[PDB]
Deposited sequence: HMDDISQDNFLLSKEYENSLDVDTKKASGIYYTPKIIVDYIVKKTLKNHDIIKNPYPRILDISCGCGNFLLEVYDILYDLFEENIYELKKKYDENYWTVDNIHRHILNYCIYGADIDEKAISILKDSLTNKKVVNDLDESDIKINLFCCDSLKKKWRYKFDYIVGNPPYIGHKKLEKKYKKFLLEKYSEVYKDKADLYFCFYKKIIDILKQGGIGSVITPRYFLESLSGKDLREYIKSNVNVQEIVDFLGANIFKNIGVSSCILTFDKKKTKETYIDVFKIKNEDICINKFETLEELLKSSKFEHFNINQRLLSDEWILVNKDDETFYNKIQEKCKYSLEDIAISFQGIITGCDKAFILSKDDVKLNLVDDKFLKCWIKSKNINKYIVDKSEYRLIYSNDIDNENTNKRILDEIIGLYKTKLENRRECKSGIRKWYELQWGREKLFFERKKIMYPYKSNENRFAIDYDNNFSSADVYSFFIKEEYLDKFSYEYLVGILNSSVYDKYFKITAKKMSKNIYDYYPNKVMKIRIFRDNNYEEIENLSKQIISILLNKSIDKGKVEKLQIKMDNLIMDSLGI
């Protein structure tokens, strides 16, 4: 588990923290990487430091011990007092020690401050002027349970529930950064918007000044790695303004090596720059330009309801082993299953704007199987094919579920009604009215309108505005950006969407019903639908005053 940061980003991160260091005022800077690995960052730090000392060698010689400050002594001084590294992989440390040693190319026993340890457990004996690197990322599924108990116990300020391991590295880096120190790291971007990152965001904002955020959105920074990156630079300097530079990429299809340096890319048309006042950050960090902020605030102020106010949200079925319970609707095995047990089953791709595709799969709602003797053929010939994997689910091992039951079968009556469904990850808003009692896994979310809000909001009106170009832009302002052309559509944000009622209600709803009626007929022509959508977008923009 060793990952390579592209050289252009490494140089930017090191230059960011060291470009303005006053080596004459302080010729003993402590630069640390608690993830150093083989030394992607530290070896570049050595090069930057060596030039810095060499360019001012006579000034140091005059101001300080003139026998100590010579070009010949620069190498030894850097390793003794300046470069610090830590990594849990001793093979990586051994390689980095050879690399630092070979920078000069025994005389006398030069010591190198490299620690092979868990950086989250090391008793750090002092703080550091500059901290750079790329921490490990490990989510809640892939982190060992025994280790996770330690993080919950000792890193509770930033790590709880579905948090990530790199949250704790942010915590450690901030804690061991000197007063006036500067830190710069590349991490996943998700903590900027994710629900899990709320505590971490609060910790950063209240303990450091965030100088700069480079947000690569869905661009693929790490080749053959499914992750989305950002670069954060922060300091512990006494400043009275604390404004953040935000560099947000404009096109995710860029290759990172367009120029020789990352600065050229950031100042180019390929990025956009804007400023955010750190003191105006709430638990949410809404990092958008002034046009988007004006747009976002207009909608928030005009809308007196949220979806959570008026609707009941729920996540789909989690069977725990889909292959055991999900069959093609033309599978011959379904003749063994009484149709009282069978439900229509759709995937996220079956959701379009305003309507759902006809289902091609069936779910065996195995909870309603009374016992193991009356429906033996279903258990023996269909579900029992995966009995080993089924028995390994957590609730089966604890005895809460029978081996053939659905892990989280939810409540049938929630799905067997008129409701709205949307995919959990999509490039655009796709909210559909479900007329067919469709069930689904957790890749599709559903909601239905509360009974007391039915005389104010109809399903037809909701899919109308929710699928509009206005609401697509509006939702993406604060949505969690996952990968290229993919946003999370999860209730923790979808239910915070705000909605309105005014004089345009009837016409918006009527346009929605025409769209639905066209989308459902046989000789379907989408052309008029696009025109109707353009007209509805005009009404909505009129309604919200944008």
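Going by the record, the unmodelled stretches of the deposited sequence, in order, are 1 to 28, 134 to 137.
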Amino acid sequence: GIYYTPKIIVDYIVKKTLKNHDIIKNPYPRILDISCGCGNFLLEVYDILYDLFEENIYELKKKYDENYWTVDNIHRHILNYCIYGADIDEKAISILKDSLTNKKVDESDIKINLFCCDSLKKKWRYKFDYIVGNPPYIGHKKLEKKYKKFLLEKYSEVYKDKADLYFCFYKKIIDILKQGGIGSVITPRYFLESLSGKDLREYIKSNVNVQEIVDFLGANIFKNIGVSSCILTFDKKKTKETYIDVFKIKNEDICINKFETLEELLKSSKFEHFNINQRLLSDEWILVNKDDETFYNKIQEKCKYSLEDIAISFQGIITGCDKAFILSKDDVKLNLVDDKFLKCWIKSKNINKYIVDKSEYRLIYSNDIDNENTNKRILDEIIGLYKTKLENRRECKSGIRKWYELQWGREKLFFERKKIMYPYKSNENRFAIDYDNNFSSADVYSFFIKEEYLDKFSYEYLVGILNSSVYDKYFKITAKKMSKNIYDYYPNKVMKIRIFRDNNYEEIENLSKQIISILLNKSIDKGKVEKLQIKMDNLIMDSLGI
From here on, numbers count along this sequence of modelled residues.
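Take the two forms, superpose them, and find the largest set of C-alpha atoms that agree within 1.5 Å; that set is the rigid core.
Relative to the shown model and aligned on the rigid core, the C-alphas in 8 other deposited structures of this protein deviate most, among 252 to 260 and 198 to 206, for 252 to 260.
In the other compared entries of this protein that model both flanking residues, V105 lacks coordinates in at least a third of them. Stretches 93 to 101 and 436 to 444 differ in mean CA B factor, with 93 to 101 having the higher one.
In this entry, 111 to 119 shows the higher mean Cα temperature factor of the pair 457 to 465 and 111 to 119. Comparing the C-alpha B-factors of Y354, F259, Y422, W285 in the entry, the top value falls on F259. Based on the entry's C-alpha B-factors, the most elevated value among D129, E391, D215, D164 belongs to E391.
Sort the modelled residues of the chain by CA B factor and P136 lands in the lowest third. Among the modelled residues of the chain, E293 sits in the middle third by CA temperature factor in this PDB entry. Among all modelled residues in this chain, the alpha-carbon of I249 has a temperature factor (C-alpha) in the lowest third. Per-chain ranking of the deposited C-alpha B factor places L42 in the middle third.
Looking at the C-alpha B-factors along this chain, the one for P188 belongs to the lowest third.
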